[PDB]
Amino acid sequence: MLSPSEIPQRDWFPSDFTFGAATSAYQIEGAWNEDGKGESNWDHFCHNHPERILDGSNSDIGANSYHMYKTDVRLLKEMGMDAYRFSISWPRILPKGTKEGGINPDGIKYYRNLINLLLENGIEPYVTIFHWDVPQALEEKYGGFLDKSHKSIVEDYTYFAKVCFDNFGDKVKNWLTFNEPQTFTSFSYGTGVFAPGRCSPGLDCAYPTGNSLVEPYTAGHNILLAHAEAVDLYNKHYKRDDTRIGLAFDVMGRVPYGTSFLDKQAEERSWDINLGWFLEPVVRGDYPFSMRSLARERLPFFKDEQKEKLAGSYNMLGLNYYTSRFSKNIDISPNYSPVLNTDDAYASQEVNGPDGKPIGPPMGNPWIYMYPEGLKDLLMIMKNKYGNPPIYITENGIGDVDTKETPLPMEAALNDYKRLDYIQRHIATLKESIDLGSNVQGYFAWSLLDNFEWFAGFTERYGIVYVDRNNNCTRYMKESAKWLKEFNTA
């Protein structure tokens, strides 16, 4: 269901508000080895462990955007988009990932052509420096963001950002240092469903030698050190009175399981372990109190000089919202003990509350339940607790299932009203939040293109534009994308 008068109209938001779509470098690029591109960490994972991909697939082609960016810009423009959020392949720019491994010239040419073409068509680029693709070269030289020396990674990351600032600084006016560090670290060294795939012994991931209790924090700590270092560099030599830098946090809105004041407390620790873990540091200069008290020693401290670079190290914040959960309290005692870094929030995240019903109508996959109301909740917390800063909904959408046993007909795939409904609703929620005081300034539909979904392989289509992989990645606009064209063009 949906509704006539309740349908978001472009003239519901200010003119300067921005609307666009987003994608990930590894998910759409392909050309995994074309033109001297280095081996990313995911290239390795997929190739050597196809048994960690729901369908054993990989992104050696993706949506072949590396060769078809011309059309990607073409869709966007006929869709009348205001901006395009894409990410840059660290391996494609720095094959060895280091300054001295050399700067691959082809990769620079690509992002220049894409950026220029996006600009000639009046589309603003919102670039994500790092979107999970860590050069495999660094992965073996000192264990990527798992570097316990805190320096190699920070310097190797900082130099990468500098190269980006140097070759795309005049055209790119909006930067994002990292994309969802909470996940990346949690999924790469906690559950281990992400590359490299480490985890505590006994658990089931590719390299069960890791430590789901101490690794996520180590990698996440470096990330924050790299952000502060890159942003320091940005503010000192590249920042213009009209350019911005920041980062995107993954986030699900938490809600009390029952009614006990205990579940409200769980909710708080939940928002903390999820959003605050990385937000609090870039805002005040240190992690959430809760975490320092529940993960005690397993969470490094920061030198005063670091606490200083991190605080206020942003002009805008990116929010990636999909669903929400119920947070039920879990008391401290001898009967319980944390398995994952995430179990430190001494709270469980349910989908179904005490009434047995789902926190929202299922959207098709194993985790997306529609609850746009949690979106407003998050927008009010940013507003009332963390200074109501410029927020951009950098990701939002759903993923239609399309597998071997239950392939999804192209005619049906193209008629995504479950998605069209989902988008309209969240976009309407931004009109409610704005009226409620939020400082949101834009929305990005997740996956302008159908593409690789990490461990989910090609079983899900998140795009608003259909990609025929068994053709020549030919593209066909979905109903959602067509509404978005009417929304922007009207």
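Residues carry their position along the shown sequence, with the first being 1.
- A summary of the deposited B-factors shows that, of 298 to 306 and 410 to 418, the stretch with the larger mean C-alpha value is 410 to 418.
- For the pair 114 to 122 and 396 to 404, the mean B factor over Cα atoms is greater in 396 to 404.
- In the deposited coordinates, the residue among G442, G437, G30, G38 with the greatest CA B-factor is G30.
- In the PDB entry, the Cα temperature factor peaks, among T23, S480, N471, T18, at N471.
- In the PDB entry, a CA B factor belonging to the lowest third of its chain's modelled residues is recorded for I381.
- The deposited CA B-factor of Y369 belongs to the middle third of values across its chain.
- When the modelled residues of the chain are ordered by their C-alpha B factor, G169 lands in the lowest third.
- Among all modelled residues in this chain, the alpha-carbon of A347 has a temperature factor (C-alpha) in the middle third.
- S447: CA B factor in the highest third of modelled residues in this chain (values from the PDB entry).
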